[PDB]
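Readers should treat all values here as calculations from the given coordinates under stated rules, not as data from a laboratory. Here Cβ is always computed from backbone atoms with ideal geometry, including for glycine, and neighbour counts include all displayed protein chains.
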Amino acid sequence: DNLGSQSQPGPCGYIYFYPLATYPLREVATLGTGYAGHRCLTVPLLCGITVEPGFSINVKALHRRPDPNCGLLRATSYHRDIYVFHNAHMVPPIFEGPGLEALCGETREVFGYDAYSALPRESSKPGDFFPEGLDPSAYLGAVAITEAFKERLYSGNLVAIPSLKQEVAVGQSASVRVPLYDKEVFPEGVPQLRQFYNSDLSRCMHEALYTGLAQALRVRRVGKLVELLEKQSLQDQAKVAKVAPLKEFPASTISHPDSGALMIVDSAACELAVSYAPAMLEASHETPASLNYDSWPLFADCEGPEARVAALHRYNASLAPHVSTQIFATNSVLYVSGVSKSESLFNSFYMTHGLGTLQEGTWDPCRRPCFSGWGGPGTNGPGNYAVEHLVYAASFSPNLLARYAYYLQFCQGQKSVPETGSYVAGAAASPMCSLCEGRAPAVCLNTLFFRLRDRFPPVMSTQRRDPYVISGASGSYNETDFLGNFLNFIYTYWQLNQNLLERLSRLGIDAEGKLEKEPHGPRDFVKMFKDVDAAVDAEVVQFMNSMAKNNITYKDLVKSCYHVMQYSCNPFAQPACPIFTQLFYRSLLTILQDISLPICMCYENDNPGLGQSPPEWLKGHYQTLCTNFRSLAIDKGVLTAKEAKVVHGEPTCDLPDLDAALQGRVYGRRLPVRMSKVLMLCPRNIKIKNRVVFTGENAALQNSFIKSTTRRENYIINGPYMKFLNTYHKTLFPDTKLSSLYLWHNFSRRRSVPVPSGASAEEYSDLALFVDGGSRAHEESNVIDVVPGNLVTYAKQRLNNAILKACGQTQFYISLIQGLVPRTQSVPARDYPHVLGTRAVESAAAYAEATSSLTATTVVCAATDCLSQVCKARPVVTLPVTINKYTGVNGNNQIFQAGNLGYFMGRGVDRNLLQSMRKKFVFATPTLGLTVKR
Amino acid sequence: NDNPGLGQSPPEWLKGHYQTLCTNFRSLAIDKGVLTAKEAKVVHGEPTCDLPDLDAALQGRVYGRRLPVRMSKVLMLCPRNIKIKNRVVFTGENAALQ
Amino acid sequence: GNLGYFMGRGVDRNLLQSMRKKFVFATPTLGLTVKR
Amino acid sequence: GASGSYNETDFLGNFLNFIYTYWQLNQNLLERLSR
Amino acid sequence: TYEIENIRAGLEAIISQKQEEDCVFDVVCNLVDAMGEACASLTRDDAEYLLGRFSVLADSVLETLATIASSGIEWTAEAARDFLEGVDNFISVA
DNA sequence: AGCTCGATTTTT
DNA sequence: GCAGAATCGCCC
Ligand SMILES: [Zn+2]
């Protein structure tokens, strides 16, 4: 059985009405996409603030009555975002800077993109969709919509039924909801003005939802993409080719020696992404515990509304490095430029990136001229990234651009320049600004852009095979200890690590390395370590005895071990931000294209283009290519998904009489029902892999991995004890003037140690010999390139160096993954001008006076030495990936895939990345103790 | 099971589906435990070859020509073996057989 | 392709009456049509 | 029809056919029996 | 380069050469020269990045910068030395 | 009446 | 600039 079969009958969506007198408007604004002057905005779907507790995210939607006596049911999940469309001016903006709507409109035209075109009718008047007796001036109005019928919402084809109102509690607020049904539930018809339409809602979806999906396919005709997605949902067109006519190609593809095969592969990859991504998004999903806003731990110490709003701002700062990485990285998913051809045979077609390529003119599928290109434009100068490239990253949407600018306000400036206050009182106040007219100089988007200028990427026109950067929620089962997935199942490496934490608990050390009793002096400091060393060395024996008595080939199983991370495919598992909707959807569409490339190449090698255009070639071949993709993309090493059949148990169900309800009369009927679709494709995870052991076989690479053995002078200060010798310095050497670094470097060269005025000499001679002895033993034995910060990491390093020695792995360092974790800090506002608001600034002396008493919140990332404890906290992650493809072993001829962890491009991403083969990075923010309870 | 007959006769159903079913068979029948076969491309090295003048030979006159030549088919499916198996050891697990 | 059983009593007298014995007919070709 | 070149029809069939191999073990025994 | 890379390189160049004397006053003077009054709020996460390989030194740098901040001298390398330079037992081991 | 088996090559 | 890999599940 399955979650689809178990879901109940219901409507295609709801209109929610919230009372303005009691609803928490400043809280929802911190999670929203509001800009100054908006008429619509997006907010997340959350139980206890935007929907009532116990909301069903999975449903059977009643969408068609073939005659008045039969119903058809479609199984679908909800769409992740809620659209706020009536009295929306009552919700505060997320960003204060003026002029964004005109800037978006101008920039959409120079890139040749399609603007929203309104229907010839007016928007529905309040009295058409409001319940009986409620005052339209007293309420806030918003839509929740199912993933299968959201194009019908956009196109004005749903019907609202006010007589079927239900009263619901949303947090404290007494709210109301009205159901939405597709006009195909009325076979005799309803009048065209009786259907629900709002032009501001449809325009908001055009910009904030559909334009970014068009950018992910390299399509400009957004309105035609919405029309073909609607017909695919309502008329079962998944195996019919449909996007190929909308495609466009650059001069590097048209001039190519293999251009005819390249145009077919690029087109077929996009067709497959449009067939499969909507099906996986519509599927029935698990309900995460993070969807319940009133059980979020982050509020637990708050008293009153101001404390709750300030807690949400700290929560948002912890997510900002994920969002700013997708802006600053040259290889961001937002800058994917198309497909190109060389690499080995199955890698020969690949995904490309570059903003320079995205500015160029294009040609159509029949090699005729199409878009004519843009020549470019500001304060960053000629040939460099400009504010228009940030508008392009935000899909020309003022709602998305406002929330991007809000996250960029947490970022530090890095000068490669006028002082901040002489810029704000000077050139920012000029009447020439097309955004503020100089009348809001401290919050203006051009002021934020000027501050962050040297962190934006370069503008690229090349076609190299690089990794691309993805963002989203992690899955349940990550393998990120030092030997990754080594002996994960059959005792297991997981059980070995649990045994070590139990021994460390008997020594008074917790899972984060905190002591129940701090060391008193030299004897106690030596005693503390000798007990941990003996406890680790005891567990190595019991483990090596288990491997021996079972004849397990552990000495060869080390050679093939990988680190593993799971990228989740559930849309409801993502963090409660509307920018993460776009980052998740665009990551999924990109991964489906990259998986499809060799499948399309092998089919076209057998069935050549012979001078046909891609739309002609797809007309014959696409139905067969869908079935090859379903067989060869899934369970082959990257993507996992489960097929299922959906069934309804009863032959009839209790439903309202929709003909009576349209005339205002409410009573029940047992309508006969059957499913309009039976097959469902439930997505599970995308799997990311990194190889642990270099085996010396590739002779070009050895100099990056090789272990030296000669006796260095830095062996104590770069050894295993230096962080502890610093943490305990004031207890080891009471009131000494010396730095801990100089004391131990002086010992490392002169062989002498200071003895406190009443303390005993020989006690310190022993401390010195312990430090010397263990540091030389570590210099000889170590293949894990870490200086440990806590006793748990010290213990785990000692353990894994023992296993690698029993395997004969002594010549090379192993690969490492390091987590970059956000830390939030308050700083003086002098260089953070946005704290002044829309205020007029008249002089640099007044800017200095007004900022002198103020503080700004900022975020920096710190490197963890221990990724596996971060992975236990169910983190939000950002990482680079390449999907590599290869043949099977033992004479097999099938294609298999791996998603391999890669590198970030662009010097503005994070200062910890500023200069390797043997160290790779991931950004991580934990969710346990923020949105999920321990 | 995925593409049901819905009262169609087999010739009507095959008209839409058969080209896809050929490609499923090639992927799922070969190297899956009974039948083995190797796909290959066939190529001819020379652009012309030494052949009799067939127009003269039809009229009884015999002499050679270097006729330009190319392949009318390139893909070949070379069959290898069909494999027959018989289990050696009964493990006692199926209690009806012992 | 699992090895099975012959049906029909006329096939060969050695088959006239098991789970645990199976039969194949075989004629050698080395020393008949191919040289050792 | 005709049989192929590689048949495994000694008492334990394809047991240890590749990695000493069961084929090599049978060749060793025939050499001892030759002596 | 970013200016934070040049500060970091200049500190690793001092600490890798300073011998027979403790380095914290010469590191603090190079920070007060390069950042001036902005040292008064230098956080541990910024200090650890600037110290690079020698990030263990950060607590002693921050304790030293608080003495300059609280003693009310101006933020310049000349005043920093004038305050700091106005404001042991050792057994040998086998 | 008459096991269960993820599969390919290798080839003596 | 920045390896290599037949794959699925299982979840202690
Ligand atoms: Zn301005």
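Using only atoms on other chains, find how many Cβ atoms lie within 10 Å of each Cβ of peptide E:41-47 and report the average.
4
Which of rounded, prolate or oblate describes the stretch A:392-442 when judged by the alpha-carbon gyration tensor and an a/c cut-off of 1.5?
Note, shape of the stretch A:392-442 comes out oblate.
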Only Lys, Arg, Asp and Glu count, each charged at its Cβ (+1, +1, -1, -1), so figure out the dipole size of the stretch A:257-398 about its Cα centre, rounded to 20 debye.
400
For the stretch E:23-38, just list the computed ³J(HN,Hα) in residue order, Karplus coefficients 6.51, -1.76 and 1.60, θ = phi - 60°, integers in Hz, with x standing in for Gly and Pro.
8, 4, 5, 6, 5, 4, 5, 5, 5, 5, 5, 7, 10, x, 4, 5
Whole-Å distance linking the alpha carbon centroid of the stretch A:297-327 with that of the stretch A:569-637 is 37
Beyond 42 Å, what share of the Cα-Cα pairs of chain A remains, rounded to the nearest whole percent?
43
Under a point-charge model restricted to the Cβ atoms of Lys and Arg (+1) and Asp and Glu (-1), what is the dipole moment magnitude of the protein assembly as shown relative to its Cα centre, in debye to the nearest 20?
5400
Going highest first, how would you order E:11-20, A:6-15, A:831-840 by mean Cβ packing within 10 Å?
A:6-15, A:831-840, E:11-20
In units of 2.2 N^0.38 Å, what is the alpha-carbon radius of gyration of the stretch E:13-94?
1.18
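Arranged from highest to lowest average of other beta-carbon atoms within 10 Å per residue, in what order do the peptides A:874-880, A:738-744, A:86-92 appear?
A:874-880, A:738-744, A:86-92
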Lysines near A:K645 by alpha-carbon distance under 18 Å, same-chain residues fewer than 8 away left out - which ones?
A:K60, A:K677
Using the reciprocal of the averaged 1/r over all distinct C-alpha pairs, how large is the Kirkwood radius of the stretch A:355-408 in Å?
13.1
Check the straight Cα-Cα distances from A:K559 and name the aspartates and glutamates below 17 Å, setting aside those fewer than 8 residues away within the same chain.
A:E479, A:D481, A:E697
The stretch A:569-634: proportion of alpha-carbon pairs further apart than 20 angstrom, %
45
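Within 10 Å of each Cβ in A:405-416, how many Cβ atoms from other chains are there, averaged over the peptide? Walk me through the intermediate numbers first.
Values: counts 0, 0, 0, 0, 0, 0, 0, 2, 1, 4, 3, 3.
Taking the mean over all residues of the peptide, I get 1.
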Given +1 on the Cβ of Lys and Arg, -1 on the Cβ of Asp and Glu, and no further charges, what dipole in debye does the stretch A:106-252 carry about its Cα centre, rounded to the nearest 20?
480
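What average number of partner chain Cβ atoms lie no more than 10 Å from the Cβ of the residues making up A:736-743?
Average neighbour count from other chains, rounded to a whole number: 6.
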Largest to smallest principal axis extent of the C-alpha atoms in the stretch A:417-564, angstrom
81, 52, 26
³J(HN,Hα) across the stretch A:140-156 via Karplus (A = 6.51, B = -1.76, C = 1.60, θ = phi - 60°), whole Hz, x for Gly/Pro?
9, x, 8, 9, 9, 9, 6, 4, 6, 10, 5, 5, 5, 4, 3, 7, x
Ranked highest first by the average count of other Cβ atoms within 10 Å around their residues, in what order do A:464-472, A:563-571 fall?
A:563-571, A:464-472
Using just the helices of the protein assembly as shown, give the 222 nm mean residue ellipticity in deg cm²/dmol: DSSP H runs with n ≥ 4 each add -39,500 (n - 2.57), and the total is spread over all residues, rounded to 500.
-10500 deg cm²/dmol
Find, among the GluC sites (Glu not before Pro) in the stretch A:157-230, those assigned to loop by DSSP (not H, G, I, E, B) with at most 15 other beta-carbon atoms within 10 angstrom.
A:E188
Using only the Cα atoms of the stretch A:165-213, what semi-axes does the equivalent ellipsoid have when each is the square root of 5 times a gyration tensor eigenvalue? Give whole Å, largest first.
25, 23, 10
For chain B, what is the relative contact order in percent, using Cα pairs closer than 8 Å and at least 6 residues apart in sequence?
27
Between the stretch A:876-906 and the stretch A:475-490, how far is it from one alpha carbon centroid to the other, in angstrom?
18
Qualifying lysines (Cα of each under 20 Å from Cα of A:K514; at least 8 residues distant if same chain):
A:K527, A:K530, A:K723, A:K730, A:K796, A:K872
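Run the count for chain B, please: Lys pairs, Cα-Cα under 22 angstrom, 8 or more apart or on different chains.
6
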